[PDB]
Amino acid sequence: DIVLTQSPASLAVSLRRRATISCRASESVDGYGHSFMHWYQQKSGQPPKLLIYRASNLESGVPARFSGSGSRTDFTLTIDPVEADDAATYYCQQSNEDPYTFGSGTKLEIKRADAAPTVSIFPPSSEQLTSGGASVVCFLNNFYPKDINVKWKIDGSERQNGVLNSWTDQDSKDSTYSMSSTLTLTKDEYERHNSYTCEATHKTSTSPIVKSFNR
Amino acid sequence: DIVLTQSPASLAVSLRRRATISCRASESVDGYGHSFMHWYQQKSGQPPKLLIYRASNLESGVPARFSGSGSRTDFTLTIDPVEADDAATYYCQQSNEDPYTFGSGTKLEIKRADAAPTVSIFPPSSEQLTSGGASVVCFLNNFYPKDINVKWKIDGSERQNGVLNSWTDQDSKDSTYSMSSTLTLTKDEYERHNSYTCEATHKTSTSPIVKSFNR
Amino acid sequence: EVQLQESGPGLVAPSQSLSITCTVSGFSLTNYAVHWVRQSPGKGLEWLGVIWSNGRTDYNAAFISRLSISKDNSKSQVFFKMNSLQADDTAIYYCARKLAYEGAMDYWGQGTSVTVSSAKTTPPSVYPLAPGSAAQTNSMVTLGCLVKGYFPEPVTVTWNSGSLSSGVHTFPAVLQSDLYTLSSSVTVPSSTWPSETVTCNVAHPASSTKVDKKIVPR
Amino acid sequence: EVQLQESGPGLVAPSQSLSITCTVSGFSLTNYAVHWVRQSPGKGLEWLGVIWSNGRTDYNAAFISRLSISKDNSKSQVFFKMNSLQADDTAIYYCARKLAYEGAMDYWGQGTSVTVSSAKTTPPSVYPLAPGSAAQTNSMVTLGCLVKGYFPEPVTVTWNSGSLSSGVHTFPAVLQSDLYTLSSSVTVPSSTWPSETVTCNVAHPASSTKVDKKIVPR
Amino acid sequence: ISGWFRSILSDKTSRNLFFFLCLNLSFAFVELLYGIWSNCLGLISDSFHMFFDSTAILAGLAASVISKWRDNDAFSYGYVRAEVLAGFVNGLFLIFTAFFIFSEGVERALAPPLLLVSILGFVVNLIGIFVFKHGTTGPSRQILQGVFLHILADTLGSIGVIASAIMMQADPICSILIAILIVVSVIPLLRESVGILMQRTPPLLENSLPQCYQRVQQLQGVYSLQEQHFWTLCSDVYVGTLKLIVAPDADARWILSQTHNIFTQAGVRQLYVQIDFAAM
Amino acid sequence: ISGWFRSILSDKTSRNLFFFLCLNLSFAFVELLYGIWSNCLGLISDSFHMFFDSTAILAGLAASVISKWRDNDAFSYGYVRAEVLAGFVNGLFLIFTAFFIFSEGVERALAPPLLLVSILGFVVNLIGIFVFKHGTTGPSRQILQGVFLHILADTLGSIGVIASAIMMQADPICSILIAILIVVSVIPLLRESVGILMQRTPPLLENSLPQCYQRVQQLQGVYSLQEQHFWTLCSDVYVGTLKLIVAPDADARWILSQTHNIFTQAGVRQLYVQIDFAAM
Ligand SMILES: [Zn+2]
Ligand SMILES: [Zn+2]
């Protein structure tokens with residue numbers, strides 16, 4: 001096996017700038033002057049897409065902004081200029097020695113202006129209540145950076161046992177993020193309290209955004 | 001040069017039927033068991049599109065209904081089933097001997113139910129009259145077959161000196177035809193007459209369709 | 001319009017056999033090779049095997065003992081079979097067409113989430129989400145429906161059968177108590193809702209559930 | 001999204017030189033070959049020449065004396081030059097990308113109509129066509145505009161800048177008195193016209209004319 | 001071991017060579033029986049000379065019978081070079097026997113003293129020249145030439161000793177003259193065998209190689225051609241090897257087929273063409 | 001024509017061979033000057049024998065100096081086979097001289113009669129064996145072996161004639177024994193030269209070929225392998241030719257590179273691989 005290491009593991013590149021991803025092979029993969037290293041792009045929830053084959057040839061139907069050089073062990077994939085649609089995970093693959101090996105993915109993060117999350121809170125529906133469980137969801141859409149914290153505030157009290165978070169990948173349109181916070185409670189736990197608030201802390205504003213409902 | 005002959009020159013095939021186009025080469029084009037004959041499809045007003053390369057391999061991204069066999073001199077392109085979108089001109093090309101030669105095109109006509117032309121007549125505009133010339137156009141759209149005749153009838157008199165016709169190719173949607181008849185006259189010729197009628201004779205109806213205007 | 005589609009069971013019991021059929025279109029298997037690559041959160045992408053034109057195949061060294069790849073050119077189908085699955089075999093299995101005279105793969109297909117567990121298939125329960133109060137309404141209003149208690153992956157949450165594909169946010173699922181919970185949110189202009197009906201479609205291929213939910217404001 | 005676009009003069013005087021530049025996109029000329037094929041109503045399709053990666057080129061036997069194909073990989077442009085044109089050299093010149101390791105051409109570009117004549121470029125004159133009488137109106141009504149007296153090819157007749165692409169019929173041009181006449185017809189619902197404005201756009205690349213005409217009912 | 005004799009009897013050339021060897025051995029027995037007496041001074045020498053002739057004939061027969069053997073792992077090309085080796089060894093043997101005949105003539109001139117045994121040898125070798133006449137596939141072209149040269153050399157030696165006997169009723173002069181004559185006669189076969197064994201370009205193919213290179217260079221997609229190697233295998237099978245540098249997108253199938261056809265039209269039976277795709 | 005002598009003086013092996021040839025020619029002049037008298041009965045014979053030795057030495061020197069010549073159109077592989085041809089001709093010459101020595105011993109036994117010239121020849125050839133010792137690129141491995149075998153054979157012949165002189169104060173028995181001994185000694189060199197000239201698979205490569213075929217068969221895309229041909233060029237340059245049948249969409253570049261690497265690791269310097277794309 002030929003192990004492929006990609007550096008850096010995570011990369012943040014501003015718009016219209018230059019992005020460099022380097023793949024290093026333990027053993028040489030050159031055959032008679034031909035480098036058998038291929039690059040793939042995998043977006044969120046999509047099959048990997050071939051970009052460069054033989055480390056220097058662009059696959060038909062890809063934008064010309066993708067460029068790739070390298071030889072022997074060290075290779076490099078260059079994106080210039082970097083667009084919002086290029087936010088994905090890139091893999092380097094070698095076909096010189098059986099079996100084919102894929103390097104660890106490199107995540108490309110698109111830097112942009114900070115945005116304030118659109119905090120929204122939704123109480124459980126009637127069918128939720130009849131089912132015997134309660135679930136409150138707090139949606140924070142179109143915010144940057146990914147670093148964000150949520151505080152769940154029940155009847156003026158802090159709770160952290162039932163907090164549950166899920167982060168979406170960076171959007172390909174506006175290069176933003178969306179995270180959902182879910183808190184699960186039983187019937188008695190929901191009924192014994194009346195004031196439910198969602199607190200979101202972000203770098204864009206020191207004052208947390210609060211959304212509340214009284215039921 | 002290797003001359004390629006396609007038979008038949010024109011072919012009429014009903015919908016969902018089987019179409020056979022054969023290309024014959026003067027000299028053998030087989031190299032070590034490989035036939036270097038390629039097939040192209042050219043629609044109306046479009047660049048030719050590659051369908052089969054090496055006479056037995058389908059180009060990536062073409063429907064599976066296209067099949068091709070052959071060896072040495074005689075080849076054959078088979079379409080099964082035949083759709084309305086397959087109405088185009090097909091060319092056979094050989095790459096065995098420099099220079100590359102393209103055979104004479106074979107036109108594929110899609111057979112369907114007969115349709116009555118939508119006869120419409122348009123008098124010349126005001127700018128036509130001010131320009132010093134007169135031109136009347138009679139439009140016959142969505143008719144089948146292509147065999148059609150137009151009679152131009154001025155003040156109850158037949159004229160054929162200024163008749164002008166233009167036939168469109170078979171439509172890729174409904175497999176129909178459209179032909180325009182244009183008659184050019186001067187100012188005095190237009191003014192000296194008042195009754196202008198367009199007569200269209202078609203196989204679908206023994207009674208000709210008449211469209212007229214009185215100016 | 002080349003496509004590759006796999007049809008395999010989402011949930012497979014441990015120490016059982018996995019059968020995946022990759023139906024291809026737009027090209028013939030008689031002159032092309034189809035690779036098999038699985039992707040998991042751990043170990044990254046991994047190459048399983050490849051089958052050549054008439055039937056010759058090469059397997060990965062690790063999986064050579066418990067792998068079998070078949071093919072039938074007449075139906076344009078490639079059969080993938082593995083034996084004695086375990087927990088670490090849970091991954092996303094892709095069938096990829098080999099690039100023309102190259103060692104890479106150009107065209108891929110949307111893989112099937114194969115989960116190896118002794119858990120039992122549970123149909124999803126869809127619950128619509130509505131604003132708590134019809135107050136402080138702005139031009140943009142957020143709507144969603146919560147999918148709770150389903151197994152295994154995946155669930156396809158689609159709004160208005162794809163009519164409203166803008167502003168949707170399908171958050172990734174998270175395991176809890178041997179169960180999976182998914183949340184989806186969509187923003188809609190306040191003029192449209194509730195003036196025009198809005199629905200989210202939840203499809204579970206594992207349980208063959210296609211329940212549609214109505215968004216009722218309070 | 002591979003494209004090949006040519007930029008050559010539509011009208012060339014006899015015994016002159018023709019220069020055509022085929023700009024390519026979506027692939028690099030450093031590893032691909034570009035063929036040059038012309039198509040005319042007579043003699044059918046005909047192969048002119050091909051240029052290889054770094055500059056090696058092969059010409060047709062007939063045109064080897066008066067042909068020259070250049071290339072510049074930096075700008076991704078292929079230069080095509082012919083000398084001593086005649087009447088029979090009037091054709092549709094295509095630049096086609098050579099198929100991967102095959103003798104055929106897979107991707108083509110919309111060729112440029114090269115007409116060799118001593119005639120003089122005349123801008124088109126567009127005349128709208130309206131029904132003679134507003135009587136016997138049906139659900140479907142036919143509209144068009146006549147393009148008369150232009151040279152050389154081509155003219156692109158487009159309705160509402162491509163908004164109304166259904167029912168259009170661009171009839172082929174026909175020569176008369178060393179001039180070309182083209183007719184176009186489009187059918188529109190009677191509810192739309194004249195309630196909604198309808199226009200046909202006529203573009204003449206040879207004369208750089210982009211006159212737009214208004215459809216006025218009588 | 002017994003089946004070798006039947007295999008020899010299968011082919012007519014092997015049958016003629018075996019009959020010739022048997023009659024030479026019978027003549028050897030007759031001449032040694034005659035030489036058991038005290039007049040064997042030159043009889044021992046000419047007996048050893050015709051023993052050398054019999055050894056050369058046996059080597060030629062062995063090479064001829066070997067050349068029809070099928071190929072195996074050890075000999076990929078088979079045993080078709082056995083005929084070339086037989087021709088080379090026959091040429092060397094003829095040269096050495098010419099020098100030996102010159103030495104014997106010098107000895108005879110220096111030491112005064114066989115008159116009827118030479119007549120019998122002349123009868124034997126004229127019968128031999130009467131029997132022998134000429135005028136992958138077909139690997140038999142040099143054995144006949146080698147045996148014909150040897151038998152004509154033996155006839156000329158018999159003529160020389162007859163002339164010496166006539167003179168005694170100078171022999172070194174005629175001996176050296178006939179030795180030079182047979183050496184000059186065997187020069188062409190020796191040079192041809194050396195050229196075959198030198199891996200030299202075939203003489204009948206040298207002129208056509210520039211034309212073939214020019215033709216293959218004009219093929220579409222071929223950039224450069226390098227490292228050509230052509231040589232003869234047995235008599236006409238020319239094993240040629242070629243290396244081609246083609247375009248990164250050149251059609252390998254058509255180029256390979258055209259190169260094979262071009263070199264087959266030139267007479268190259270077995271051809272190996274390596275197509276290398278240039279980097280940009 | 002004059003520059004040939006300086007080219008010979010450039011290399012040490014050619015210098016030693018030229019010095020040996022010059023001293024053999026000087027010994028020839030000395031022995032013929034001694035033999036101008038009436039006691040030249042065996043002197044003419046041994047003079048011609050050592051003339052044969054000088055001819056063999058000259059042939060070896062010519063082959064050695066030729067083998068360094070550059071290749072051209074006529075000789076694509078160059079003149080590296082000259083050393084193999086020299087070894088083959090030296091083996092044949094040694095066999096023929098062994099038979100000649102047997103004949104001379106028979107003549108000496110049959111005809112009663114040189115005693116001091118053999119001592120001088122023994123001094124000359126012991127000086128020669130003292131001088132000679134051994135223990136594309138580097139095309140000089142067989143000339144030294146051939147000349148060493150010839151000089152040791154000459155020393156053994158001198159020992160045999162010395163033993164015969166001691167006996168007279170049977171010589172045919174010792175003569176035939178030493179002839180058989182030198183023939184057996186030259187058998188390995190002769191068989192190696194024949195194997196080289198037979199287009200035979202190299203002895204050091206035969207074992208590794210099945211492993212290389214198994215390794216290349218396991219390559220991705222390779223369907224069938226056929227028409228293998230491997231042979232030695234001069235001493236170690238193995239010119240191998242291969243034909244491969246790969247998948248219709250197999251990567252020709254990777255397969256070619258892997259095959260070249262595999263056969264280079266086995267010692268095949270010059271390799272020609274033809275990749276054929278199978279039809280479906
Ligand atoms: Zn003889
Ligand atoms: Zn000697």
# chains A, B, ... in the order shown; residues from 1 in each chain; ligands from 1

$ residues_near_ligand --ligand "ligand 2" --cutoff "9 Å" --atoms "only C-alpha atoms and all ligand atoms" --output "list in words"
residues 49, 50, 51, 52, 53, 54, 56, 57, 94, 97, 125, 150, 151, 152, 153, 154, 155 and 157 of chain F

$ write_last_selection --atoms "N, CA and C atoms" --output "CSV table (one decimal), in the first residue's frame"
chain,number,residue,atom,x,y,z
F,49,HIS,N,51.5,-25.5,-37.6
F,49,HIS,CA,50.6,-25.5,-36.4
F,49,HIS,C,50.6,-24.2,-35.6
F,50,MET,N,51.9,-23.6,-35.4
F,50,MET,CA,51.9,-22.4,-34.7
F,50,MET,C,51.6,-21.2,-35.6
F,51,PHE,N,51.6,-21.3,-36.9
F,51,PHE,CA,51.0,-20.4,-37.8
F,51,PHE,C,49.5,-20.3,-37.6
F,52,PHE,N,48.9,-21.5,-37.5
F,52,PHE,CA,47.5,-21.6,-37.1
F,52,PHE,C,47.2,-20.9,-35.8
F,53,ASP,N,48.1,-21.1,-34.8
F,53,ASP,CA,47.9,-20.4,-33.5
F,53,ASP,C,48.0,-18.9,-33.7
F,54,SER,N,49.0,-18.4,-34.5
F,54,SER,CA,49.1,-17.0,-34.8
F,54,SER,C,47.9,-16.4,-35.5
F,56,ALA,N,44.8,-17.6,-35.2
F,56,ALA,CA,43.7,-17.5,-34.2
F,56,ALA,C,43.9,-16.3,-33.3
F,57,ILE,N,45.2,-16.1,-32.9
F,57,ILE,CA,45.4,-14.9,-32.1
F,57,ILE,C,45.1,-13.6,-32.8
F,94,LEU,N,40.5,-24.8,-31.6
F,94,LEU,CA,41.1,-25.6,-30.6
F,94,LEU,C,40.7,-27.1,-30.9
F,97,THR,N,42.8,-28.2,-33.9
F,97,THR,CA,44.2,-28.4,-33.5
F,97,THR,C,44.4,-29.6,-32.6
F,125,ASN,N,55.2,-20.0,-24.3
F,125,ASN,CA,53.8,-20.1,-23.9
F,125,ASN,C,53.7,-20.0,-22.3
F,150,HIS,N,43.5,-21.3,-25.5
F,150,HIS,CA,44.4,-21.6,-26.5
F,150,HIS,C,45.8,-21.8,-26.0
F,151,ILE,N,46.2,-20.8,-25.1
F,151,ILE,CA,47.6,-20.8,-24.5
F,151,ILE,C,47.8,-22.0,-23.6
F,152,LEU,N,46.8,-22.4,-22.8
F,152,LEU,CA,46.9,-23.6,-22.0
F,152,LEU,C,47.0,-24.8,-22.8
F,153,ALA,N,46.2,-24.9,-23.9
F,153,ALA,CA,46.3,-26.0,-24.8
F,153,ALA,C,47.7,-26.1,-25.5
F,154,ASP,N,48.3,-25.0,-25.8
F,154,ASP,CA,49.7,-25.0,-26.3
F,154,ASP,C,50.7,-25.5,-25.3
F,155,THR,N,50.5,-25.0,-24.0
F,155,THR,CA,51.4,-25.5,-23.0
F,155,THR,C,51.2,-27.0,-22.8
F,157,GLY,N,50.3,-29.2,-25.0
F,157,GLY,CA,51.0,-29.8,-26.1
F,157,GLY,C,52.5,-29.8,-26.0

$ residues_around --residues "residue 75 (chain B)" --least-positions-apart "6" --cutoff "9 Å" --atoms "only C-alpha atoms" --output "ChimeraX atom specification"
/B:21-25,37,55,68-69

$ write_last_selection --atoms "C-alpha atoms" --output "PDB file, in the first residue's frame"
ATOM      1  CA  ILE B  21     -28.266   2.815 -43.097  1.00  0.00           C
ATOM      2  CA  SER B  22     -25.414   1.057 -44.904  1.00  0.00           C
ATOM      3  CA  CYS B  23     -22.037   2.568 -45.805  1.00  0.00           C
ATOM      4  CA  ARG B  24     -19.892   0.850 -48.441  1.00  0.00           C
ATOM      5  CA  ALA B  25     -16.171   1.548 -48.826  1.00  0.00           C
ATOM      6  CA  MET B  37     -15.442   3.564 -39.652  1.00  0.00           C
ATOM      7  CA  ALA B  55     -18.120   1.029 -36.222  1.00  0.00           C
ATOM      8  CA  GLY B  68     -23.728  -0.445 -35.528  1.00  0.00           C
ATOM      9  CA  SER B  69     -22.102  -3.496 -37.109  1.00  0.00           C
TER      10      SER B  69
END

$ residues_around --residues "residue 32 (chain E)" --least-positions-apart "5" --cutoff "12 Å" --atoms "only C-alpha atoms" --output "PyMOL selection string"
chain E and resi 25-27+37-48+50-51+114+117

$ write_last_selection --atoms "N, CA and C atoms" --output "tab-separated table (two decimals), in the first residue's frame"
chain	number	residue	atom	x	y	z
E	25	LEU	N	32.28	-43.16	-45.17
E	25	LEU	CA	32.81	-44.06	-44.15
E	25	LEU	C	33.26	-45.39	-44.76
E	26	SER	N	32.51	-45.89	-45.74
E	26	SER	CA	32.94	-47.10	-46.44
E	26	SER	C	34.25	-46.88	-47.17
E	27	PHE	N	34.40	-45.72	-47.82
E	27	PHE	CA	35.67	-45.38	-48.46
E	27	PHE	C	36.79	-45.28	-47.44
E	37	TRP	N	49.34	-51.57	-44.86
E	37	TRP	CA	50.68	-51.93	-45.29
E	37	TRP	C	51.65	-50.78	-44.99
E	38	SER	N	52.87	-50.88	-45.50
E	38	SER	CA	53.94	-49.94	-45.19
E	38	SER	C	53.93	-48.70	-46.07
E	39	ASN	N	53.02	-48.61	-47.04
E	39	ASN	CA	52.93	-47.45	-47.92
E	39	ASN	C	51.91	-46.42	-47.45
E	40	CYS	N	51.72	-46.29	-46.14
E	40	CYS	CA	50.69	-45.44	-45.57
E	40	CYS	C	51.18	-44.04	-45.23
E	41	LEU	N	52.34	-43.63	-45.74
E	41	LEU	CA	52.93	-42.34	-45.39
E	41	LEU	C	51.95	-41.20	-45.62
E	42	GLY	N	51.51	-41.02	-46.87
E	42	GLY	CA	50.46	-40.06	-47.14
E	42	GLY	C	49.06	-40.59	-46.95
E	43	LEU	N	48.92	-41.91	-46.82
E	43	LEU	CA	47.60	-42.51	-46.63
E	43	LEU	C	47.02	-42.13	-45.28
E	44	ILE	N	47.84	-42.10	-44.23
E	44	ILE	CA	47.32	-41.67	-42.93
E	44	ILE	C	46.87	-40.21	-42.99
E	45	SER	N	47.64	-39.36	-43.68
E	45	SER	CA	47.30	-37.95	-43.76
E	45	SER	C	45.99	-37.74	-44.52
E	46	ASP	N	45.84	-38.36	-45.69
E	46	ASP	CA	44.61	-38.15	-46.45
E	46	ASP	C	43.43	-38.87	-45.80
E	47	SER	N	43.69	-39.95	-45.06
E	47	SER	CA	42.64	-40.58	-44.27
E	47	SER	C	42.12	-39.64	-43.20
E	48	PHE	N	43.02	-38.94	-42.51
E	48	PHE	CA	42.58	-37.97	-41.51
E	48	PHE	C	41.87	-36.79	-42.16
E	50	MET	N	40.02	-36.89	-44.93
E	50	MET	CA	38.66	-37.29	-45.26
E	50	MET	C	37.85	-37.66	-44.03
E	51	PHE	N	38.51	-37.99	-42.91
E	51	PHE	CA	37.81	-38.05	-41.63
E	51	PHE	C	37.27	-36.68	-41.25
E	114	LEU	N	48.75	-44.74	-53.40
E	114	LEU	CA	48.50	-43.31	-53.33
E	114	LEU	C	48.10	-42.76	-54.70
E	117	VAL	N	44.19	-44.69	-55.13
E	117	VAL	CA	43.19	-44.30	-54.14
E	117	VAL	C	42.62	-42.92	-54.47

$ interface_residues --of "chain C" --to "chain B" --cutoff "7 Å" --atoms "only C-alpha atoms" --output "ChimeraX atom specification"
/C:1-2,26-27

$ write_last_selection --atoms "N, CA, C and O atoms" --output "mmCIF file, in the first residue's frame"
data_model
loop_
_atom_site.group_PDB
_atom_site.id
_atom_site.type_symbol
_atom_site.label_atom_id
_atom_site.label_comp_id
_atom_site.auth_asym_id
_atom_site.auth_seq_id
_atom_site.Cartn_x
_atom_site.Cartn_y
_atom_site.Cartn_z
ATOM 1 N N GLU C 1 -25.450 11.460 -21.108
ATOM 2 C CA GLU C 1 -26.362 11.235 -19.992
ATOM 3 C C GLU C 1 -26.042 9.923 -19.281
ATOM 4 O O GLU C 1 -26.942 9.193 -18.864
ATOM 5 N N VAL C 2 -24.749 9.635 -19.140
ATOM 6 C CA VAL C 2 -24.316 8.407 -18.486
ATOM 7 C C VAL C 2 -24.720 8.434 -17.017
ATOM 8 O O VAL C 2 -24.522 9.436 -16.315
ATOM 9 N N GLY C 26 -26.077 4.665 -20.766
ATOM 10 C CA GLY C 26 -25.293 5.579 -21.564
ATOM 11 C C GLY C 26 -23.990 5.016 -22.089
ATOM 12 O O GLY C 26 -23.313 5.693 -22.873
ATOM 13 N N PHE C 27 -23.616 3.804 -21.686
ATOM 14 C CA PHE C 27 -22.414 3.161 -22.195
ATOM 15 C C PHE C 27 -22.565 1.658 -22.022
ATOM 16 O O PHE C 27 -23.414 1.183 -21.264
#

$ residues_around --residues "region 133-150 of chain C" --least-positions-apart "2" --cutoff "6 Å" --atoms "only C-alpha atoms" --output "list in words"
residues 122, 123, 124, 125, 126, 127, 128, 129, 131, 179, 180, 181, 182, 183, 184, 185, 186, 187, 188, 189 and 190 of chain C

$ closest_residue --among "C:46, C:73, C:9, C:215" --to "residue 61 (chain C)" --atoms "only C-alpha atoms"
C:46

$ interface_residues --of "chain F" --to "chain A" --cutoff "9 Å" --atoms "only C-alpha atoms" --output "ChimeraX atom specification"
/F:219-220,253-254,256-258,260-261

$ write_last_selection --atoms "N, CA, C and O atoms" --output "PDB file, in the first residue's frame"
ATOM      1  N   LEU F 219      -1.026  -7.675 -13.538  1.00  0.00           N
ATOM      2  CA  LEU F 219      -1.268  -6.254 -13.741  1.00  0.00           C
ATOM      3  C   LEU F 219      -2.713  -6.011 -14.158  1.00  0.00           C
ATOM      4  O   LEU F 219      -3.321  -6.815 -14.870  1.00  0.00           O
ATOM      5  N   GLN F 220      -3.264  -4.888 -13.703  1.00  0.00           N
ATOM      6  CA  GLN F 220      -4.635  -4.538 -14.043  1.00  0.00           C
ATOM      7  C   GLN F 220      -4.739  -4.189 -15.522  1.00  0.00           C
ATOM      8  O   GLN F 220      -3.946  -3.400 -16.045  1.00  0.00           O
ATOM      9  N   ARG F 253      -0.114   3.396 -20.640  1.00  0.00           N
ATOM     10  CA  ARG F 253       1.084   3.981 -20.044  1.00  0.00           C
ATOM     11  C   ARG F 253       1.510   3.224 -18.792  1.00  0.00           C
ATOM     12  O   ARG F 253       2.678   2.842 -18.650  1.00  0.00           O
ATOM     13  N   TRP F 254       0.573   3.009 -17.865  1.00  0.00           N
ATOM     14  CA  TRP F 254       0.917   2.334 -16.618  1.00  0.00           C
ATOM     15  C   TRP F 254       1.342   0.895 -16.867  1.00  0.00           C
ATOM     16  O   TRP F 254       2.298   0.409 -16.254  1.00  0.00           O
ATOM     17  N   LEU F 256       2.686  -0.371 -19.614  1.00  0.00           N
ATOM     18  CA  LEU F 256       4.003  -0.359 -20.242  1.00  0.00           C
ATOM     19  C   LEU F 256       5.094  -0.058 -19.222  1.00  0.00           C
ATOM     20  O   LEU F 256       6.139  -0.721 -19.201  1.00  0.00           O
ATOM     21  N   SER F 257       4.866   0.938 -18.361  1.00  0.00           N
ATOM     22  CA  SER F 257       5.867   1.289 -17.359  1.00  0.00           C
ATOM     23  C   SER F 257       6.095   0.146 -16.380  1.00  0.00           C
ATOM     24  O   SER F 257       7.240  -0.160 -16.026  1.00  0.00           O
ATOM     25  N   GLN F 258       5.015  -0.500 -15.930  1.00  0.00           N
ATOM     26  CA  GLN F 258       5.153  -1.607 -14.991  1.00  0.00           C
ATOM     27  C   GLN F 258       5.870  -2.791 -15.627  1.00  0.00           C
ATOM     28  O   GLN F 258       6.714  -3.424 -14.986  1.00  0.00           O
ATOM     29  N   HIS F 260       8.041  -2.649 -18.118  1.00  0.00           N
ATOM     30  CA  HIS F 260       9.438  -2.263 -18.270  1.00  0.00           C
ATOM     31  C   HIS F 260      10.182  -2.360 -16.945  1.00  0.00           C
ATOM     32  O   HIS F 260      11.308  -2.863 -16.896  1.00  0.00           O
ATOM     33  N   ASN F 261       9.563  -1.895 -15.858  1.00  0.00           N
ATOM     34  CA  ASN F 261      10.201  -1.984 -14.548  1.00  0.00           C
ATOM     35  C   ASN F 261      10.398  -3.434 -14.123  1.00  0.00           C
ATOM     36  O   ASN F 261      11.457  -3.799 -13.596  1.00  0.00           O
TER      37      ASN F 261
END

$ atom_distance --atom1 "CA of residue 30 (chain D)" --atom2 "CA of residue 102 (chain D)"
16.8 Å

$ closest_residue --among "E:168, E:1, E:163, E:28" --to "ligand 1" --atoms "only C-alpha atoms and all ligand atoms"
E:28

$ interface_residues --of "chain C" --to "chain F" --cutoff "7 Å" --atoms "only C-alpha atoms" --output "list in words"
residues 30, 31, 32, 53, 58, 100, 101, 102 and 103 of chain C

$ interface_residues --of "chain E" --to "chain F" --cutoff "9 Å" --atoms "only C-alpha atoms" --output "MDAnalysis selection string"
chainID E and resid 41 44:45 48 52 73:82 85 89 92:93 96 99:100 103 106:107 110:111 194 197:203 206 227:231 233 241:243 252:253 256 272:277

$ select_by_dssp --residues "region 83-197 of chain A" --states "strand (DSSP E)" --output "number ranges by chain"
A: 89-94, 101-102, 106-111, 118-122, 133-143, 149-154, 157-158, 163-167, 177-186, 195-197

$ atom_distance --atom1 "CA of residue 65 (chain F)" --atom2 "CA of residue 7 (chain F)"
7.9 Å

$ residues_around --residues "region 185-187 of chain F" --least-positions-apart "6" --cutoff "8 Å" --atoms "only C-alpha atoms" --output "list in words"
residues 91, 94, 95 and 149 of chain F

$ write_last_selection --atoms "N, CA and C atoms" --output "compact mmCIF listing (two decimals), in the first residue's frame"
# COMPACT_ATOMS: atom_id res chain seq x y z
N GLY F 91 36.99 -21.87 -30.21
CA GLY F 91 36.64 -23.23 -29.82
C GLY F 91 36.80 -24.22 -30.97
N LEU F 94 40.47 -24.76 -31.60
CA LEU F 94 41.07 -25.63 -30.60
C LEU F 94 40.71 -27.09 -30.86
N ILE F 95 39.46 -27.36 -31.24
CA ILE F 95 39.08 -28.74 -31.56
C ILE F 95 39.88 -29.26 -32.74
N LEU F 149 42.36 -20.41 -23.04
CA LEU F 149 42.21 -21.80 -23.44
C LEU F 149 43.24 -22.19 -24.49

$ decode --residues "region 181-194 of chain F" --atoms "C-alpha atoms" --output "compact mmCIF listing (two decimals), in the first residue's frame"
# COMPACT_ATOMS: atom_id res chain seq x y z
CA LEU F 181 41.53 -33.28 -22.20
CA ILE F 182 41.66 -29.98 -24.09
CA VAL F 183 38.47 -30.86 -26.01
CA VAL F 184 36.66 -31.46 -22.71
CA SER F 185 38.13 -28.22 -21.37
CA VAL F 186 36.84 -26.23 -24.37
CA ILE F 187 33.38 -27.88 -24.34
CA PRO F 188 31.87 -25.33 -21.87
CA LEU F 189 33.03 -22.26 -23.81
CA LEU F 190 31.84 -23.81 -27.09
CA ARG F 191 28.41 -24.65 -25.67
CA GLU F 192 28.05 -21.17 -24.17
CA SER F 193 28.97 -19.53 -27.48
CA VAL F 194 26.53 -21.79 -29.34
